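K.L.:
Dropping the structure in here first, questions after.
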Amino acid sequence: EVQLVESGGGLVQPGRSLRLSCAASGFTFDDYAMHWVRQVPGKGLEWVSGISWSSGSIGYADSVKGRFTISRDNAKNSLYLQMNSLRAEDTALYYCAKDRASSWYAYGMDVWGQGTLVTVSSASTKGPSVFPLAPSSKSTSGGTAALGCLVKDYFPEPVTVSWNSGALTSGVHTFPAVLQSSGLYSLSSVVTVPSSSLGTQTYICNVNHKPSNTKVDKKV
Amino acid sequence: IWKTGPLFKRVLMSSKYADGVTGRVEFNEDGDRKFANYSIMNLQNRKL
Amino acid sequence: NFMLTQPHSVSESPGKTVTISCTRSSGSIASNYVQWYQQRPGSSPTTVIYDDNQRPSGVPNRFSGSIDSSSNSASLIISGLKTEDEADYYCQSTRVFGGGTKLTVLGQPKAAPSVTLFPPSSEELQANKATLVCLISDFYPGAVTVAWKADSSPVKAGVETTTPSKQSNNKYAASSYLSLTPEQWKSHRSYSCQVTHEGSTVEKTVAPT
């Protein structure tokens, strides 16, 4: 019955312009109003804008005030959102969702869409940098030692991290990359080895990044 | 007379579309509401 | 305006009734309306509770919404049933959404988190940069709070926390990176990484050199 579809998202550099279109089908388009709500990866959702049943009653938030513009065409049953001069902190999803009354003063939402992906960032490939996370000062609880290699400033994913040419795999733990505010990926890889080998055994970490074509061997 | 009076009436005339218990309210061009729900009835041996 | 505050997450075994609430910071809670939204991860949110205590069409009952004044909060008392219905929940009053709490169906027994703290190495300090790494392993469910304290107060500048992901052993792991400069690193005395797992607090302290 009530099915909503949205489109128009893609990679966009900062300072450009974009336009999203949300088509709808099923219910009568001339009886209800719709909003545009956005989430944040990790965080919650926040209200952006909402149109009236026909026109006129336009609701704007604080940050989005003026930057964006919202309009609808009841003939073709679609919503249009135009954005220009974006910022780096406005990179998130965007949901085209309909209200319950014939206005937006109620701030109602029901039967949302599926979301899109609009990213505002300077996507540039950068060679990874590997730094050795050293172990403690001969202190241990179960006889094991904690040390590893951190890979920072690499983009895009993925990256291959191994130890002593892949001969050692037991006790090696890696973690997914974290997207910093600068848009680059970084992670760490630890190796769980007994503390008795500290000072006598040398641990080498090999980091391979195909998009940057970088092969780095680092000693911890 | 009220300076904004007639203007108010116009806003009360075309906006409508409030969805409440009775259904959907929408006044026509001259007052009385339009598109109301009706039920037909027939007499059947002193019954309705 | 106001900030709608709710606990980060809750978890209970199947077959038990649980209450989830968010507290209004300022003003009367009942002066406005409150609605509750359920969203399965990855998918899109859908209506579960609207207009205080009302059940939308398609909801198979079994849900209640309490808006008692109490300590300025509204709560849902959901009866004992788990199945696959365990996801993030939100509460909204007017243009303001809740913090976000998710239900976790208990599987394997809970285990204390394993915390590893790594101060920045001298090689990184030679690059006029410093990174503190807090790695959390063998913890479940994947819902923890990671904070950095500069020995007398929490710090919220430049920190980046990785969202927990399912491990190979049906567990979760996470990483946190605090970005600073060698000047601030050597100016202060110590830095503490605090991890909270359903109220279980573990703090690890590191110092320069």
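Simple scheme: letters A, B, ... for chains in structure tokens order, numbers from 1 for residues in each chain, numbers from 1 for ligands in the order shown.
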Restrict the distance test to only C-alpha atoms, flag each residue of chain C within 6 Å of chain A, and return the flagged residues as a PyMOL selection string.
P.N.:
chain C and resi 44+46-47+95+162
K.L.:
Could you turn the residues from that selection into a file that holds N, CA, C and O atoms, as a short mmCIF file (atom, residue, chain, number, x, y, z; two decimals), in the first residue's frame?
P.N.:
```
data_model
loop_
_atom_site.label_atom_id
_atom_site.label_comp_id
_atom_site.auth_asym_id
_atom_site.auth_seq_id
_atom_site.Cartn_x
_atom_site.Cartn_y
_atom_site.Cartn_z
N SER C 44 14.81 0.31 8.22
CA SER C 44 14.27 1.64 8.45
C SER C 44 13.30 1.63 9.63
O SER C 44 12.61 0.63 9.87
N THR C 46 10.08 2.14 12.07
CA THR C 46 8.64 2.05 11.89
C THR C 46 7.94 2.45 13.18
O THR C 46 8.53 2.42 14.27
N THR C 47 6.67 2.84 13.05
CA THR C 47 5.88 3.23 14.21
C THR C 47 5.62 2.04 15.12
O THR C 47 5.24 0.96 14.65
N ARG C 95 10.29 17.49 17.77
CA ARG C 95 11.47 17.83 16.99
C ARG C 95 12.74 17.29 17.64
O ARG C 95 13.81 17.27 17.03
N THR C 162 35.19 3.27 17.81
CA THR C 162 34.70 2.34 16.80
C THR C 162 33.50 1.58 17.34
O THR C 162 33.52 1.09 18.48
#
```
K.L.:
Fewer than 2 positions away in the same chain doesn't count, so skip those; otherwise give me all residues within 12 Å of residue 64 (chain A), counting only C-alpha atoms, as a list in words.
P.N.:
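Final neighbour list, sorted by chain and number: residues 36, 37, 38, 46, 47, 48, 49, 50, 59, 60, 61, 62, 66, 67, 68, 69, 70, 82, 83, 84, 85, 86, 87, 89 and 90 of chain A.
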K.L.:
Create the file for the chosen residues now, containing N, CA, C and O atoms and written as a CSV table (one decimal), in the first residue's frame.
P.N.:
```
chain,number,residue,atom,x,y,z
A,36,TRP,N,11.4,15.4,6.0
A,36,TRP,CA,12.7,14.8,5.7
A,36,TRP,C,13.5,14.7,6.9
A,36,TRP,O,13.9,15.7,7.5
A,37,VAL,N,13.7,13.5,7.4
A,37,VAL,CA,14.5,13.3,8.7
A,37,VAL,C,15.8,12.5,8.3
A,37,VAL,O,15.8,11.7,7.4
A,38,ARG,N,16.8,12.8,9.1
A,38,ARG,CA,18.2,12.3,8.8
A,38,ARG,C,18.7,11.7,10.1
A,38,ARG,O,18.5,12.2,11.2
A,46,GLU,N,17.6,13.5,13.7
A,46,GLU,CA,17.3,14.9,13.9
A,46,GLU,C,16.4,15.4,12.8
A,46,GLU,O,16.5,15.0,11.7
A,47,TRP,N,15.4,16.2,13.2
A,47,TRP,CA,14.5,16.8,12.3
A,47,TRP,C,15.2,17.8,11.4
A,47,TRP,O,16.1,18.5,11.8
A,48,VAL,N,14.8,17.8,10.1
A,48,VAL,CA,15.4,18.8,9.2
A,48,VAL,C,14.3,19.7,8.6
A,48,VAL,O,14.4,20.9,8.8
A,49,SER,N,13.3,19.2,7.9
A,49,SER,CA,12.3,20.0,7.3
A,49,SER,C,11.0,19.2,7.1
A,49,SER,O,11.1,18.0,7.0
A,50,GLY,N,9.9,19.9,6.9
A,50,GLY,CA,8.6,19.3,6.7
A,50,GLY,C,7.7,20.3,5.9
A,50,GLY,O,7.6,21.4,6.2
A,59,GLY,N,8.6,24.2,7.5
A,59,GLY,CA,9.3,24.1,8.8
A,59,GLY,C,10.8,23.9,8.6
A,59,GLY,O,11.2,23.0,7.8
A,60,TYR,N,11.5,24.7,9.2
A,60,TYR,CA,13.0,24.7,9.1
A,60,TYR,C,13.6,24.5,10.5
A,60,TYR,O,13.1,25.1,11.5
A,61,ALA,N,14.8,23.9,10.6
A,61,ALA,CA,15.5,23.7,11.8
A,61,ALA,C,16.5,24.9,12.0
A,61,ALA,O,16.4,25.9,11.2
A,62,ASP,N,17.4,24.8,12.9
A,62,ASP,CA,18.3,25.9,13.2
A,62,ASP,C,19.5,25.9,12.2
A,62,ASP,O,19.7,26.8,11.5
A,66,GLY,N,17.9,28.2,5.8
A,66,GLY,CA,18.4,29.0,4.7
A,66,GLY,C,19.2,28.2,3.7
A,66,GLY,O,19.2,28.4,2.5
A,67,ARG,N,20.1,27.2,4.3
A,67,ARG,CA,21.0,26.5,3.4
A,67,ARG,C,20.2,25.6,2.4
A,67,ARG,O,20.5,25.5,1.2
A,68,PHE,N,19.1,25.0,2.9
A,68,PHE,CA,18.4,24.0,2.1
A,68,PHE,C,17.1,24.7,1.6
A,68,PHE,O,16.8,25.8,1.9
A,69,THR,N,16.4,23.9,0.7
A,69,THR,CA,15.0,24.3,0.3
A,69,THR,C,14.2,23.1,0.0
A,69,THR,O,14.8,22.1,-0.5
A,70,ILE,N,13.0,23.1,0.3
A,70,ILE,CA,12.1,21.9,0.1
A,70,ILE,C,10.8,22.4,-0.6
A,70,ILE,O,10.3,23.4,-0.4
A,82,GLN,N,16.7,20.3,-2.5
A,82,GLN,CA,17.9,20.9,-3.1
A,82,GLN,C,18.8,21.4,-2.1
A,82,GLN,O,18.4,22.2,-1.2
A,83,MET,N,20.1,21.1,-2.2
A,83,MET,CA,21.1,21.5,-1.2
A,83,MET,C,22.3,22.1,-1.9
A,83,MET,O,22.7,21.6,-3.0
A,84,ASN,N,22.8,23.2,-1.4
A,84,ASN,CA,24.0,23.8,-2.0
A,84,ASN,C,24.9,24.3,-0.8
A,84,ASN,O,24.4,24.7,0.3
A,85,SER,N,26.2,24.4,-1.1
A,85,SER,CA,27.2,24.9,-0.1
A,85,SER,C,27.1,24.1,1.2
A,85,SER,O,26.8,24.6,2.2
A,86,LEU,N,27.3,22.8,1.1
A,86,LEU,CA,27.2,21.9,2.2
A,86,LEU,C,28.4,22.1,3.2
A,86,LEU,O,29.2,22.9,3.0
A,87,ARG,N,28.4,21.2,4.2
A,87,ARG,CA,29.5,21.2,5.2
A,87,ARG,C,29.9,19.7,5.4
A,87,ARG,O,29.2,18.8,5.0
A,89,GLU,N,30.0,18.2,8.3
A,89,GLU,CA,29.3,17.5,9.4
A,89,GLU,C,27.9,17.2,9.0
A,89,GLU,O,27.1,16.7,9.8
A,90,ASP,N,27.5,17.4,7.7
A,90,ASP,CA,26.1,17.1,7.2
A,90,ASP,C,26.1,15.8,6.4
A,90,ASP,O,25.2,15.6,5.7
```
K.L.:
Kindly determine which residues of chain A lie within 8 Å of chain B, considering only C-alpha atoms, and give the answer as an MDAnalysis selection string.
P.N.:
chainID A and resid 31 101:102
K.L.:
Please return as a count of residues only: the residues of region 12-126 of chain C that backbone DSSP assigns to helix (DSSP H, G or I).
P.N.:
4
K.L.:
What parts of chain C does DSSP call strand (DSSP E or B)? I'd like the answer as an MDAnalysis selection string.
P.N.:
chainID C and resid 4:5 9:12 18:24 35:39 46:49 65:66 73:78 88:92 101:105 111 114:118 130:140 144:149 154:155 160:161 165:166 172:180 191:197 200:206
K.L.:
For residue 205 (chain C), list every protein, DNA or RNA residue within 8 Å, evaluated using only C-alpha atoms, and leave out those in the same chain fewer than 2 positions away; present the list as an MDAnalysis selection string.
P.N.:
chainID C and resid 117 190:193 203 207
K.L.:
How would the residues just chosen look if you wrote them out with C-alpha atoms as a PDB file, in the first residue's frame?
P.N.:
```
ATOM      1  CA  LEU C 117      45.657   0.789  26.836  1.00  0.00           C
ATOM      2  CA  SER C 190      48.245  10.989  33.156  1.00  0.00           C
ATOM      3  CA  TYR C 191      45.287   9.930  31.024  1.00  0.00           C
ATOM      4  CA  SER C 192      42.611   7.420  32.020  1.00  0.00           C
ATOM      5  CA  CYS C 193      40.480   5.279  29.714  1.00  0.00           C
ATOM      6  CA  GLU C 203      39.484   2.443  34.391  1.00  0.00           C
ATOM      7  CA  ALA C 207      51.398   8.236  31.931  1.00  0.00           C
TER       8      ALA C 207
END
```
